[PDB]
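Engineer: Provided herewith is a single structure, encoded as structure tokens, for subsequent inquiry.
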Amino acid sequence: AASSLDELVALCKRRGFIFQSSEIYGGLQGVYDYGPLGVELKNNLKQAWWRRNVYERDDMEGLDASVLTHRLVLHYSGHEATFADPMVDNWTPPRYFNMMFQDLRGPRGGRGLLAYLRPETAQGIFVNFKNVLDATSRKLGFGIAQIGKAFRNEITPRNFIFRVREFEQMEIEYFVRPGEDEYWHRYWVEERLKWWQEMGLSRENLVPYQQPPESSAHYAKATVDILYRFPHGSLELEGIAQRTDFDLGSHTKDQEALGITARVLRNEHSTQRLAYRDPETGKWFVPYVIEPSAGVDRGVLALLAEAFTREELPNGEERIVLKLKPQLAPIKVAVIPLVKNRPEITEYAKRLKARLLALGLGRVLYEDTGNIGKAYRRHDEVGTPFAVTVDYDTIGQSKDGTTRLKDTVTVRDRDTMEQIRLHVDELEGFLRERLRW
Amino acid sequence: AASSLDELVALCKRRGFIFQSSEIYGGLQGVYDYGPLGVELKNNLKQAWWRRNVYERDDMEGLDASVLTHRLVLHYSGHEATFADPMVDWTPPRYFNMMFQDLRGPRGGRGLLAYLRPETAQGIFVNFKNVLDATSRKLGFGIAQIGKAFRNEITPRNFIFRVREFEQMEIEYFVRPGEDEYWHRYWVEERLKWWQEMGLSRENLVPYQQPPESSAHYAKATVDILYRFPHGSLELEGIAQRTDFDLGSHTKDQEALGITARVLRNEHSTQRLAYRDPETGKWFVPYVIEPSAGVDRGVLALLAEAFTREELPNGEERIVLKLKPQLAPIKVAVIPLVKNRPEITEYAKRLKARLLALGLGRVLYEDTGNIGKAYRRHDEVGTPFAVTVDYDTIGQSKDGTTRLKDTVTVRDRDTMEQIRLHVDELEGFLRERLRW
């Protein structure tokens with residue numbers, strides 16, 4: 001585990017995980033960019049999440065909605081009226097600053113040409129309920145998963161990835177029948193909690209907090225936050241709320257014909273009825289929604305934070321090692337040529353990297369950087385699990401003349417630091433064993 | 001292949017590929033949303049692209065920059081100026097600027113203005129030094145990236161084509177001033193070749209080499225790959241050659257580095273975006289080759305191409321999306337013959353999981369009524385195989401034999417041929433046909 005927030009910010013910048021967006025012109029404070037190593041880890045996390053909640057389940061439909069949100073969507077969801085914070089200057093009278101990113105479509109800044117950069121992914125889901133329903137012919141006890149970008153017009157962007165203006169989320173909207181709501185809520189909480197550990201976070205660092213009714217927003221019958229023990233303090237990773245029929249409620253047509261339980265605004269615009277019908281009979285009703293929502297960047301940081309570890313070495317000095325779960329490492333194997341000038345060597349290495357990539361266990365990388373020592377260092381810092389290295393013996397140029405050593409390479413374990421030399425054909429099975437899911 | 005643009009728009013909406021963003025409130029014309037089936041295909045394409053240009057190569061670094069762009073980036077890249085033009089049509093004296101913009105935090109002050117990037121490339125350019133430092137890369141190398149971009153279109157025409165929000169797959173290949181012309185043709189063959197591997201016919205592809213009149217000033221050459229869509233040729237990808245303009249326009253110590261393209265005096269940049277050590281110690285700004293594709297366009301191209309209407313032996317027709325298997329939103333559909341039977345449904349579900357485990361792509365358990373409707377629904381969304389489970393599969397054959405236990409019928413999308421095989425063979429059957 002890592003001890004300081006800056007150790008991370010430093011590594012992140014130093015090894016190419018994260019960079020201050022627009023750095024060369026002073027930065028656009030509050031927005032960051034993901035480097036070579038960052039994109040990989042980030043994507044690996046998003047994928048593992050998608051595989052788990054969509055592919056592996058049989059009640060989940062996927063989605064990808066746009067960032068440009070029509071003014072109305074955000075009126076009827078309440079944001080226009082409440083997504084704000086209390087602000088002032090130096091002392092003027094106090095007033096709420098609505099934190100949404102607004103931008104005007106086309107020609108003129110007229111009130112009717114205003115649109116928003118969605119501040120959360122969920123509304124995209126809600127407005128498409130009927131749509132999704134029609135096209136898939138889904139029955140109840142079902143949700144819609146989605147990953148995407150969101151923009152919060154924060155006032156003061158604090159410590160790193162935490163208080164940012166642009167970021168990404170992984171949200172699910174699980175539609176449920178009014179009666180069964182309380183069950184599904186605890187079901188999802190165990191599930192998400194469980195997932196995070198499988199990804200590599202320790203139970204000791206996870207904290208399932210249940211919000212007291214003072215904190216619960218009006219339509220939220222209950223909600224639990226999963227916090228992670230970061231170096232600088234506990235920060236929220238994911239939130240599993242229970243929103244009754246508020247969301248579907250606020251956007252649907254024929255509001256008073258469908259017995260809506262949460263208080264909604266009169267909707268004089270919606271063209272479709274977002275409700276479900278046929279509880280064996282013919283009743284229309286608005287489903288209740290359970291909603292797990294995680295923040296991609298937070299997750300990426302949690303993983304780094306957890307993995308980060310400093311080890312003392314027998315000679316006296318230390319080393320930084322990202323102990324990331326293998327399947328999630330930005331790089332799985334690094335193939336390194338002992339000498340940089342030799343062509344039969346580089347050409348072999350490259351031929352080998354490809355053979356390994358073909359196993360389909362994750363990114364294999366051909367490394368041509370000078371100094372076999374620097375390489376090992378660079379890799380432990382970015383958490384890659386294995387390093388295979390190629391030398392003259394591997395080729396067949398043994399100074400003694402035998403070829404008993406042709407096609408064998410040394411593979412160095414990231415964690416144990418143990419190096420063993422094995423023949424290539426065994427190397428495959430070795431890797432399957434250790435890298436498969 | 002498909003004959004009309006509306007046939008597609010219709011299928012896309014009908015089967016859950018694409019929907020009009022904000023439809024229930026009148027739509028936010030010009031922006032669309034990707035449904036269950038759409039997200040899948042879209043992602044499948046992005047991935048195949050990433051695997052190819054990053055994993056399979058040894059000179060590529062990946063990236064993911066933010067949409068919120070600082071005002072300055074877009075000043076020095078030229079964009080800001082292309083639209084600082086009072087056009088008086090008498091209608092009022094406007095600025096017909098093509099970028100969405102917005103202001104950061106507290107006030108609408110000029111120093112607090114920001115933009116929603118209109119292209120992904122600038123994110124790459126500004127980080128050149130950064131990426132360089134952290135990776136210790138040598139020349140003959142690029143940076144790949146996928147992301148969102150926003151064009152403040154005035155009139156959103158025909159579907160996916162003239163839209164305000166969309167995504168791109170761009171690469172910035174940094175090259176030494178001398179070798180530029182070579183790399184340019186290299187990339188063109190490569191991209192061209194890729195597109196066909198994805199399933200597009202050579203007959204429908206059109207490599208247009210822009211004549212000196214079209215080329216923006218700093219562009220020493222450029223080729224557009226057009227696709228023959230039902231409504232006409234529309235641009236899929238563009239491989240330009242931008243010399244040292246981009247890196248040039250953003251770097252510090254401009255006149256110390258012999259920049260060849262005309263750039264603006266840059267009084268703000270804090271880093272020097274150049275390369276040094278041509279064996280010696282000379283500094284210079286690399287030339288850039290740039291393949292840039294539009295995700296949505298690609299998705300449409302694939303759909304357009306795959307779309308086909310067939311006349312069947314009984315007399316009726318059918319719509320079949322002939323998508324390349326590895327790209328299909330769904331690889332296998334496991335379907336139960338009767339919906340009420342527990343031994344059947346329970347069997348089928350257990351089977352779908354066994355198949356998903358093969359790691360060949362999404363397998364889906366289908367519980368929709370009517371075995372006929374299912375087959376139809378699937379050919380329409382282009383899923384390659386359909387396995388079906390019945391009473392024989394379980395072991396309740398009305399003839400009394402058990403020779404047919406643990407076997408299922410699998411219907412080929414294309415040939416429509418159905419063969420009944422045992423489950424264990426089924427695996428090998430699928431690997432054969434579905435692997436990359």
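Naming works like this for the structure tokens: A, B, ... for the chains as they're shown, residue 1 at the start of each chain, ligands 1 onward in shown order.
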Would you please extract all strand (DSSP E or B) residues from stretch 2-237 of chain B, as assigned by DSSP on the backbone, and give them as number ranges by chain?
Structural biologist: B: 18-20, 32-34, 60-64, 68-70, 99-103, 113-116, 141-151, 165-175, 205-209, 221-229, 232-237
Engineer: Could the residues in this selection be saved with C-alpha atoms as a CSV table (one decimal), in the first residue's frame?
Structural biologist:
chain,number,residue,atom,x,y,z
B,18,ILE,CA,-28.9,3.6,-32.8
B,19,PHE,CA,-31.6,6.0,-31.4
B,20,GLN,CA,-32.2,9.7,-31.7
B,32,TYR,CA,-27.6,10.1,-31.5
B,33,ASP,CA,-27.3,7.4,-28.8
B,34,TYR,CA,-26.1,3.7,-29.2
B,60,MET,CA,3.0,2.9,-31.0
B,61,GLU,CA,2.2,4.5,-27.7
B,62,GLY,CA,-1.5,4.9,-26.6
B,63,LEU,CA,-3.4,7.9,-25.2
B,64,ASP,CA,-6.6,9.3,-23.8
B,68,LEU,CA,-12.1,20.2,-22.3
B,69,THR,CA,-9.6,22.1,-24.2
B,70,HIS,CA,-7.8,25.2,-23.0
B,99,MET,CA,-16.7,24.9,-32.0
B,100,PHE,CA,-18.7,24.4,-28.9
B,101,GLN,CA,-17.3,26.3,-26.0
B,102,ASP,CA,-18.0,27.0,-22.5
B,103,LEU,CA,-16.5,28.9,-19.6
B,113,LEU,CA,-13.1,30.4,-21.6
B,114,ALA,CA,-12.7,26.8,-22.8
B,115,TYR,CA,-13.6,24.6,-25.6
B,116,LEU,CA,-15.1,21.2,-26.3
B,141,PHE,CA,7.0,6.2,-33.7
B,142,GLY,CA,3.4,7.3,-33.2
B,143,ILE,CA,0.7,7.9,-30.6
B,144,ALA,CA,-2.8,6.3,-31.0
B,145,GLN,CA,-6.0,7.6,-29.5
B,146,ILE,CA,-9.8,7.2,-29.5
B,147,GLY,CA,-12.2,9.9,-28.2
B,148,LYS,CA,-15.0,12.3,-28.5
B,149,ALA,CA,-15.2,15.5,-30.5
B,150,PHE,CA,-17.7,18.3,-31.0
B,151,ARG,CA,-18.4,20.1,-34.2
B,165,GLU,CA,-21.0,14.8,-31.2
B,166,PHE,CA,-19.1,11.7,-32.5
B,167,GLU,CA,-15.9,9.7,-32.0
B,168,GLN,CA,-12.6,9.3,-33.7
B,169,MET,CA,-9.6,6.9,-34.1
B,170,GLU,CA,-6.5,8.9,-34.8
B,171,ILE,CA,-2.8,8.2,-35.0
B,172,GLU,CA,0.0,10.7,-35.0
B,173,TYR,CA,3.1,9.0,-36.5
B,174,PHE,CA,6.2,11.1,-35.7
B,175,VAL,CA,8.8,10.9,-38.4
B,205,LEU,CA,-13.6,1.8,-51.3
B,206,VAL,CA,-12.2,4.8,-53.0
B,207,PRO,CA,-8.7,6.2,-52.3
B,208,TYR,CA,-8.9,9.8,-53.4
B,209,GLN,CA,-5.7,11.6,-53.7
B,221,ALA,CA,0.0,15.5,-49.5
B,222,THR,CA,-3.3,13.7,-48.5
B,223,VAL,CA,-5.5,10.8,-49.4
B,224,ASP,CA,-9.1,10.2,-48.4
B,225,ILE,CA,-10.7,6.8,-48.3
B,226,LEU,CA,-14.3,7.1,-49.3
B,227,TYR,CA,-17.0,4.5,-49.0
B,228,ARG,CA,-19.7,4.0,-51.5
B,229,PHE,CA,-22.8,4.6,-49.3
B,232,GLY,CA,-23.4,8.6,-52.1
B,233,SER,CA,-19.6,8.6,-51.4
B,234,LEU,CA,-18.8,9.8,-47.9
B,235,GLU,CA,-15.3,10.1,-46.4
B,236,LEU,CA,-14.3,7.2,-44.0
B,237,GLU,CA,-10.7,8.0,-43.2
Engineer: Using only C-alpha atoms, I'd like a table of the residues in stretch 138-190 of chain A that come within 12 Å of stretch 205-219 of chain A; for each, show the closest atom pair and its distance in Å rounded to one decimal, ordered by chain and ascending number, as a Markdown table.
Structural biologist:
| residue | atom | partner | partner_atom | distance |
| --- | --- | --- | --- | --- |
| A:186 | CA | A:210 | CA | 11.4 |
| A:189 | CA | A:208 | CA | 8.7 |
| A:190 | CA | A:208 | CA | 9.7 |
Engineer: Would you kindly return, as a ChimeraX atom specification, each protein, DNA or RNA residue with an atom no farther than 7 Å from any atom of residue B:348, considering only C-alpha atoms and excluding same-chain residues fewer than 3 positions away?
Structural biologist: /B:334-336,344-345,351-352,389
Engineer: Those same residues - N, CA, C and O atoms - I'd like them written as a PDB file, in the first residue's frame.
Structural biologist:
ATOM      1  N   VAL B 334     -28.295 -19.042 -27.626  1.00  0.00           N
ATOM      2  CA  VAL B 334     -28.705 -20.333 -27.116  1.00  0.00           C
ATOM      3  C   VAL B 334     -30.180 -20.146 -26.871  1.00  0.00           C
ATOM      4  O   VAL B 334     -30.576 -19.286 -26.091  1.00  0.00           O
ATOM      5  N   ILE B 335     -30.991 -20.937 -27.563  1.00  0.00           N
ATOM      6  CA  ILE B 335     -32.451 -20.815 -27.485  1.00  0.00           C
ATOM      7  C   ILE B 335     -33.203 -22.109 -27.113  1.00  0.00           C
ATOM      8  O   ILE B 335     -32.939 -23.180 -27.689  1.00  0.00           O
ATOM      9  N   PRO B 336     -34.168 -22.031 -26.168  1.00  0.00           N
ATOM     10  CA  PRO B 336     -34.948 -23.209 -25.755  1.00  0.00           C
ATOM     11  C   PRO B 336     -36.144 -23.403 -26.671  1.00  0.00           C
ATOM     12  O   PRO B 336     -36.843 -22.432 -26.981  1.00  0.00           O
ATOM     13  N   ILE B 344     -35.509 -27.992 -19.726  1.00  0.00           N
ATOM     14  CA  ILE B 344     -34.990 -27.375 -20.963  1.00  0.00           C
ATOM     15  C   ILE B 344     -34.307 -26.024 -20.730  1.00  0.00           C
ATOM     16  O   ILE B 344     -33.154 -25.843 -21.109  1.00  0.00           O
ATOM     17  N   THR B 345     -35.007 -25.102 -20.080  1.00  0.00           N
ATOM     18  CA  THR B 345     -34.464 -23.781 -19.803  1.00  0.00           C
ATOM     19  C   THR B 345     -33.230 -23.849 -18.913  1.00  0.00           C
ATOM     20  O   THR B 345     -32.247 -23.143 -19.130  1.00  0.00           O
ATOM     21  N   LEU B 351     -25.618 -24.168 -20.453  1.00  0.00           N
ATOM     22  CA  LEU B 351     -24.890 -24.254 -21.702  1.00  0.00           C
ATOM     23  C   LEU B 351     -24.284 -22.904 -22.185  1.00  0.00           C
ATOM     24  O   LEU B 351     -23.118 -22.845 -22.623  1.00  0.00           O
ATOM     25  N   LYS B 352     -25.091 -21.842 -22.131  1.00  0.00           N
ATOM     26  CA  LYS B 352     -24.666 -20.489 -22.527  1.00  0.00           C
ATOM     27  C   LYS B 352     -23.391 -20.075 -21.768  1.00  0.00           C
ATOM     28  O   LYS B 352     -22.494 -19.398 -22.312  1.00  0.00           O
ATOM     29  N   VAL B 389     -32.039 -25.835 -27.981  1.00  0.00           N
ATOM     30  CA  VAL B 389     -32.203 -26.955 -27.053  1.00  0.00           C
ATOM     31  C   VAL B 389     -33.648 -27.414 -26.978  1.00  0.00           C
ATOM     32  O   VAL B 389     -34.553 -26.602 -26.769  1.00  0.00           O
TER      33      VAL B 389
END
Engineer: Using only C-alpha atoms, find the one residue out of B:93, B:285, B:340, B:239 that sits nearest to residue B:253.
Structural biologist: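 Checking each candidate against residue B:253, we get B:285 as the closest.
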Engineer: With a distance cut-off of 9 Å and only C-alpha atoms, select the neighbouring residues of residue B:386, excluding the residue or stretch itself and same-chain residues fewer than 3 positions from it, and output the selection as an NGL selection string.
Structural biologist: :B and (331-335 or 375 or 378 or 383 or 409-413)
Engineer: Find the residues near residue A:147: any atom within 8 Å, counting only C-alpha atoms, skip ones fewer than 3 places away on the same chain, and give them as an MDAnalysis selection string.
Structural biologist: chainID A and resid 46 63:64 121 168:171
Engineer: From a DSSP calculation on the backbone, collect every residue of stretch 81-135 of chain B in helix (DSSP H, G or I) and output the set as a list in words.
Structural biologist: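 Written out, the helix (DSSP H, G or I) residues of stretch 81-135 of chain B are residues 81, 82, 110, 111, 112, 121, 122, 123, 124, 125, 128, 129, 130, 131, 132, 133, 134 and 135 of chain B.
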Engineer: Would you save the residues from that selection as a CSV table (one decimal), in the first residue's frame, using N, CA, C and O atoms?
Structural biologist:
chain,number,residue,atom,x,y,z
B,81,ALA,N,-8.9,31.2,-35.3
B,81,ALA,CA,-8.9,32.1,-36.5
B,81,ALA,C,-9.8,31.7,-37.7
B,81,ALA,O,-10.4,32.6,-38.2
B,82,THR,N,-9.9,30.4,-38.0
B,82,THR,CA,-10.8,30.0,-39.2
B,82,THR,C,-12.2,30.5,-39.1
B,82,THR,O,-12.9,30.5,-40.1
B,110,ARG,N,-13.0,36.3,-20.0
B,110,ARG,CA,-12.3,35.8,-21.2
B,110,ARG,C,-11.2,34.8,-20.9
B,110,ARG,O,-10.9,33.9,-21.7
B,111,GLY,N,-10.6,35.0,-19.7
B,111,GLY,CA,-9.5,34.1,-19.3
B,111,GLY,C,-10.0,32.8,-18.8
B,111,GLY,O,-9.2,31.9,-18.4
B,112,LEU,N,-11.3,32.7,-18.7
B,112,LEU,CA,-12.0,31.5,-18.2
B,112,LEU,C,-12.7,30.7,-19.2
B,112,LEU,O,-13.5,29.8,-19.0
B,121,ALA,N,-6.7,15.1,-32.1
B,121,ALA,CA,-5.3,15.4,-32.3
B,121,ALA,C,-4.5,16.4,-31.4
B,121,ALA,O,-3.4,16.1,-31.0
B,122,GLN,N,-5.1,17.5,-31.1
B,122,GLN,CA,-4.4,18.5,-30.3
B,122,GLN,C,-4.0,17.9,-28.9
B,122,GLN,O,-2.9,18.2,-28.4
B,123,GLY,N,-4.8,17.0,-28.4
B,123,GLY,CA,-4.5,16.4,-27.2
B,123,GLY,C,-3.1,15.6,-27.3
B,123,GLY,O,-2.3,15.7,-26.5
B,124,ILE,N,-3.0,15.0,-28.5
B,124,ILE,CA,-1.8,14.2,-28.8
B,124,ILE,C,-0.6,15.2,-28.9
B,124,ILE,O,0.4,15.1,-28.1
B,125,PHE,N,-0.7,16.2,-29.8
B,125,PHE,CA,0.4,17.1,-30.0
B,125,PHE,C,1.0,17.8,-28.7
B,125,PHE,O,2.2,17.8,-28.6
B,128,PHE,N,3.4,15.6,-26.7
B,128,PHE,CA,4.6,15.0,-27.3
B,128,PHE,C,5.8,14.8,-26.4
B,128,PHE,O,6.2,13.7,-26.1
B,129,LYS,N,6.2,16.0,-25.8
B,129,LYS,CA,7.3,16.0,-24.9
B,129,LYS,C,7.1,15.0,-23.8
B,129,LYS,O,8.0,14.2,-23.5
B,130,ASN,N,5.9,15.1,-23.2
B,130,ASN,CA,5.5,14.3,-22.1
B,130,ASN,C,5.7,12.8,-22.4
B,130,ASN,O,6.3,12.1,-21.6
B,131,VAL,N,5.0,12.4,-23.4
B,131,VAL,CA,5.1,11.0,-23.8
B,131,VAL,C,6.5,10.6,-24.1
B,131,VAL,O,7.0,9.5,-23.7
B,132,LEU,N,7.2,11.5,-24.8
B,132,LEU,CA,8.6,11.2,-25.2
B,132,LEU,C,9.5,10.9,-23.9
B,132,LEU,O,10.1,9.9,-23.8
B,133,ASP,N,9.4,11.8,-22.9
B,133,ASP,CA,10.2,11.7,-21.7
B,133,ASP,C,9.9,10.4,-21.0
B,133,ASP,O,10.8,9.6,-20.8
B,134,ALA,N,8.6,10.1,-20.7
B,134,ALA,CA,8.2,8.9,-20.0
B,134,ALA,C,8.5,7.6,-20.7
B,134,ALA,O,8.6,6.6,-20.0
B,135,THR,N,8.5,7.5,-22.0
B,135,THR,CA,8.7,6.3,-22.7
B,135,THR,C,10.1,6.1,-23.2
B,135,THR,O,10.5,5.0,-23.5
Engineer: Between atom CA of residue A:228 and atom CA of residue A:326, measure the distance and give it in Å to one decimal.
Structural biologist: 21.0 Å
Engineer: Leaving out residue A:79 and any residue of its chain fewer than 5 positions from it, which residues lie within 9 Å of it when counting only C-alpha atoms, given as JSON, numbers by chain?
Structural biologist: {"A": [74, 84, 98, 100]}
Engineer: Given the selection you just returned, output its residues as a file containing N, CA and C atoms, formatted as a short mmCIF file (atom, residue, chain, number, x, y, z; two decimals), in the first residue's frame.
Structural biologist:
data_model
loop_
_atom_site.label_atom_id
_atom_site.label_comp_id
_atom_site.auth_asym_id
_atom_site.auth_seq_id
_atom_site.Cartn_x
_atom_site.Cartn_y
_atom_site.Cartn_z
N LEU A 74 -32.68 17.58 -18.23
CA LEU A 74 -32.15 18.07 -16.98
C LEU A 74 -33.07 19.00 -16.21
N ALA A 84 -26.59 22.19 -7.40
CA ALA A 84 -25.81 23.38 -7.12
C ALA A 84 -25.16 23.37 -5.74
N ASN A 98 -25.23 26.93 -9.77
CA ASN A 98 -25.58 25.66 -10.36
C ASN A 98 -24.37 25.16 -11.15
N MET A 100 -23.62 22.86 -13.45
CA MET A 100 -23.63 22.15 -14.73
C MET A 100 -22.91 22.92 -15.84
#
Engineer: For stretch 273-283 of chain A, please output as number ranges by chain all residues within 8 Å (counting only C-alpha atoms; exclusion window: fewer than 3 positions along the same chain).
Structural biologist: A: 129-130, 248-249, 251-254, 258, 270, 286-287
Engineer: Can you spit out the residues from that selection as a short mmCIF file (atom, residue, chain, number, x, y, z; two decimals), in the first residue's frame, using N, CA and C atoms?
Structural biologist:
data_model
loop_
_atom_site.label_atom_id
_atom_site.label_comp_id
_atom_site.auth_asym_id
_atom_site.auth_seq_id
_atom_site.Cartn_x
_atom_site.Cartn_y
_atom_site.Cartn_z
N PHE A 129 -35.56 4.07 -21.60
CA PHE A 129 -36.22 2.90 -21.07
C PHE A 129 -37.20 2.24 -22.07
N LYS A 130 -38.19 3.00 -22.53
CA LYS A 130 -39.19 2.51 -23.46
C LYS A 130 -38.52 1.96 -24.68
N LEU A 248 -37.74 7.07 -13.51
CA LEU A 248 -38.67 6.75 -14.58
C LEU A 248 -39.89 7.62 -14.41
N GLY A 249 -40.26 7.86 -13.15
CA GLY A 249 -41.41 8.69 -12.84
C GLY A 249 -41.35 10.09 -13.42
N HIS A 251 -39.79 11.38 -15.87
CA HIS A 251 -39.71 11.50 -17.33
C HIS A 251 -40.89 10.95 -18.11
N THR A 252 -41.80 10.22 -17.47
CA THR A 252 -42.92 9.62 -18.20
C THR A 252 -44.19 10.43 -18.49
N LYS A 253 -44.91 9.96 -19.51
CA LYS A 253 -46.18 10.54 -19.93
C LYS A 253 -47.26 9.78 -19.17
N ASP A 254 -48.43 10.41 -19.00
CA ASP A 254 -49.57 9.82 -18.30
C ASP A 254 -49.23 9.60 -16.82
N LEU A 258 -50.58 6.33 -13.83
CA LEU A 258 -49.66 5.32 -13.28
C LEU A 258 -49.42 5.76 -11.84
N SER A 270 -42.92 14.98 -22.37
CA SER A 270 -42.62 13.62 -22.81
C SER A 270 -43.61 13.00 -23.80
N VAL A 286 -44.87 2.06 -12.75
CA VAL A 286 -43.50 2.50 -12.95
C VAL A 286 -42.59 1.71 -12.03
N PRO A 287 -41.60 1.02 -12.62
CA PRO A 287 -40.66 0.22 -11.84
C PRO A 287 -39.81 1.07 -10.90
#
Engineer: Using only C-alpha atoms, pick whichever of B:429, B:194, B:17, B:347 has the shortest atom-to-atom distance to residue A:131.
Structural biologist: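 Between B:429, B:194, B:17, B:347, the residue approaching residue A:131 most closely is B:17.
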Engineer: As an exercise, work out the distance from atom CA of residue B:28 to atom CA of residue A:133 in Å and give it to one decimal place.
Structural biologist: 21.0 Å
Engineer: Figure out the distance between atom CA of residue A:128 and atom CA of residue B:12, please, to one decimal in Å.
Structural biologist: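 Going from atom CA of residue B:12 over to atom CA of residue A:128 covers 14.6 Å.
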